[PDB]
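A short write-up of the structure that comes next.
Atoms considered below: every heavy atom in the structure, side chains included; atoms not considered: hydrogens, waters and symmetry mates. Residue numbering restarts at 1 for every chain, and letters A, B, ... go by the order of the sequence lines.
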Amino acid sequence: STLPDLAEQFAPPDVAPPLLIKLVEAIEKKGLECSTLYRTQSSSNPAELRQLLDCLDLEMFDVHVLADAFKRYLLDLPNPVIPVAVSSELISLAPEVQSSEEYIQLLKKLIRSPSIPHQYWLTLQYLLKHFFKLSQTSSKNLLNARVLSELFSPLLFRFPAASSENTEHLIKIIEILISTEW
Amino acid sequence: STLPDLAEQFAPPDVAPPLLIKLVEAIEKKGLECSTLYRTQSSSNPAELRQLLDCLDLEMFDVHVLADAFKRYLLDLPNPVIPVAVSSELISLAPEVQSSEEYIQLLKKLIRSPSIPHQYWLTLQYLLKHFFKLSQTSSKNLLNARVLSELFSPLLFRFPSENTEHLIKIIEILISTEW
């Protein structure tokens with residue numbers, strides 16, 4: 001709620017918000033092989049999770065609380081990781097643009113826009129690297145790139161839009177961007 | 001011009017872009033009493049000045065080159081220190097609003113908007129503090145708040161006159177009241 005804009009939480013040469021780095025690193029240390037990571041609700045309500053995003057070493061918390069605070073963080077950003085300026089344009093694309101490569105090309109062009117601080121694209125890259133690392137231990141945590149896209153795309157885009165071949169295309173590019181991180 | 005956005009050059013808790021801090025501190029050390037500071041074209045062309053901003057100690061440079069790089073920096077920012085949305089609103093209120101105190105109240109409200117990264121207001125505050133320090137030795141450098149406003153308002157607002165006079169007056173007053 002009081003979470004500052006991504007552009008105010010860090011700046012190059014740093015690669016991601018320091019709070020998001022703590023969350024991701026704690027979650028990867030404690031939950032990389034957890035087969036319900038990001039798929040089960042913890043006991044804590046949003047007000048308790050928000051308390052966590054201010055105050056301690058995060059490795060001290062239950063991994064399912066960290067996973068919920070991670071989702072809480074993405075929801076409480078004043079503007080989503082993928083700004084609506086970008087989402088609005090991607091949703092407007094015609095059926096004749098069928099190439100996932102084209103959607104990805106446009107996402108990168110728009111999000112790298114000078115009207116959008118570089119921090120947004122940097123944060124997304126950091127998240128994609130996290131999702132890719134999780135998908136590499138899928139034999140144990142059961143997380144592939146597509147499931148991760150379906151779980152987190154609504155948090156990254158924060159867009160209420162009726163499910164179309166457009167919304168399916170947003171989910172698909174996130175899927176592709178996770179798979180092709182390395 | 002590869003100069004990054006103000007919001008990409010630093011973030012809280014830092015108070016201003018590190019490159020702008022280096023420029024300001026060097027200029028204040030070498031030119032605080034210079035009767036022509038910021039009013040003389042130096043020898044260098046824009047490409048040479050950009051080399052200096054795309055990088056070792058700035059005190060090694062001629063003060064008139066530093067002053068030109070300072071202006072070059074403000075000109076090369078992808079977005080001006082005072083965003084165009086803010087300038088556009090202040091200009092459209094020009095005939096109907098005549099009060100200086102109201103314009104100042106509005107500039108602060110608009111630039112502090114949540115849609116505008118905090119770095120812009122922080123940079124403007126840093127610049128105003130520099131301009132005020134210069135005006136304290138105006139008897140020697142001839143830079144008072146009015147002259148400083150006329151020189152730098154077009155760079156801060158990025159406007160090539162008439163509706164502008166209210167903008168210039170805002171900066172003048174903001175320089176004067178740094179306390």
Carefully, step by step, assess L52(A) and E48(A) under the rule side chain to side chain contact (heavy atoms under 4.5 Å, CB included). CA-CA 7 Å; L52(A) 184 156; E48(A) 296 169 53; over 6 Å; no
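Rounding to the nearest 0.5 angstrom, the gap separating the CG atom in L110(A) from the CD atom in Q105(A) is 10.0 Å. A distance of 7.5 Å separates CG of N141(A) from CG of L148(A), quoted to the nearest 0.5 Å. Atom CG of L143(B) is separated from atom OG1 of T36(B) by 9.0 Å, given to the nearest 0.5 angstrom. With rounding to the nearest 0.5 angstrom, the OG1 atom of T2(B) is 8.5 Å from the CG atom of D76(B). Distance check, rounded to the nearest 0.5 Å: CG of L128(A) to CZ of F152(A) gives 11.5 Å. Atom CZ of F132(B) is separated from atom CG of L174(B) by 12.5 Å, given to the nearest 0.5 angstrom.
Proximity of a side-chain donor or acceptor of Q125(B) to a complementary backbone N or O of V15(B) within less than 3.5 Å is not detected. Between the side chain of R158(A) and the main chain of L156(A), no donor-acceptor pair closer than 3.5 Å is present. At distances below 3.5 Å, at least one donor-acceptor pair connects side-chain atoms of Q9(B) with backbone N or O atoms of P4(B). For the pair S138(A) (side chain) and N144(A) (backbone), a donor-acceptor distance under 3.5 Å is absent. Remark: side-chain polar atoms of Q119(B) are paired, donor with acceptor, to backbone N or O of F10(B) under 3.5 angstrom. Judged by distance alone, the side chain of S153(B) and the main-chain N or O of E150(B) form no donor-acceptor pair under 3.5 Å. Formation of a donor-acceptor pair under 3.5 Å by the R72(A) side chain with backbone atoms of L53(A) is not found in this model. Judged by distance alone, the side chain of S149(A) and the main-chain N or O of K172(A) form no donor-acceptor pair under 3.5 Å. No donor-acceptor distance shorter than 3.5 angstrom exists from the side chain of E102(A) to the backbone of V97(A), with no hydrogens or angles considered.
With hydrophobic clusters built from ILVMFWY side chains whose heavy atoms lie under 4.5 angstrom apart, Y38(A) shares a cluster with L23(A). In this structure, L127(B) is not a member of the same hydrophobic cluster as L122(B), with clusters built from ILVMFWY side-chain heavy atoms closer than 4.5 Å.
Heavy atoms only, all atoms of each residue included: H118(B) and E8(A) are closest at N-OE2, 2.9 Å. Taking every heavy atom of both residues into account, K30(A) and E59(A) meet most closely at NZ-O, 2.8 Å.
A salt bridge does not link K29(B) with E25(B): every distance from a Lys NZ or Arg NE/NH1/NH2 to an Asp or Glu carboxylate oxygen is 4.0 Å or more. The pair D54(B)-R50(B) fails the salt-bridge criterion, with no side-chain N (NZ, NE, NH1 or NH2) lying under 4.0 Å from an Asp/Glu carboxylate O. Here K129(A) does not pair with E181(A) in a salt bridge; the nearest charged N to carboxylate O distance is not below 4.0 Å.
Residues meeting the side-chain contact (heavy atoms from CB on, under 4.5 Å) test with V24(A), sequence neighbours left out: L20(A), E28(A), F70(A), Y126(A), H130(A).
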Check: residues 61-69 of chain B side-chain donor-acceptor pairs under 3.5 Å, at least two apart:
from: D62(B); atom 1: OD1; to: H64(B); atom 2: N; distance (Å): 2.9
from: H64(B); atom 1: ND1; to: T40(B); atom 2: OG1; distance (Å): 3.1
from: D68(B); atom 1: OD2; to: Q41(B); atom 2: NE2; distance (Å): 3.4
from: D68(B); atom 1: OD2; to: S42(B); atom 2: N; distance (Å): 2.8
from: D68(B); atom 1: OD2; to: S42(B); atom 2: OG; distance (Å): 2.6

Let me check something: any side-chain donor-acceptor pairs from residues 78-93 of chain A under 3.5 Å, sequence neighbours excluded? List them with distances.
from: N79(A); atom 1: ND2; to: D5(A); atom 2: OD2; distance (Å): 2.7
from: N79(A); atom 1: ND2; to: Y120(A); atom 2: OH; distance (Å): 3.4
from: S87(A); atom 1: OG; to: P83(A); atom 2: O; distance (Å): 3.2
from: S88(A); atom 1: OG; to: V84(A); atom 2: O; distance (Å): 3.0
from: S92(A); atom 1: OG; to: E89(A); atom 2: O; distance (Å): 2.6

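A 4.5 Å side-chain heavy-atom check between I116(B) and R112(B) finds every atom pair outside the cut-off. Between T164(B) and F157(B) there is no side-chain heavy-atom pair separated by less than 4.5 Å. The shortest side-chain heavy-atom distance between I173(A) and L170(A) falls under the 4.5 Å cut-off.
Between the side chains of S113(B) and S115(B), a donor-acceptor pair is found at a separation under 3.5 Å.
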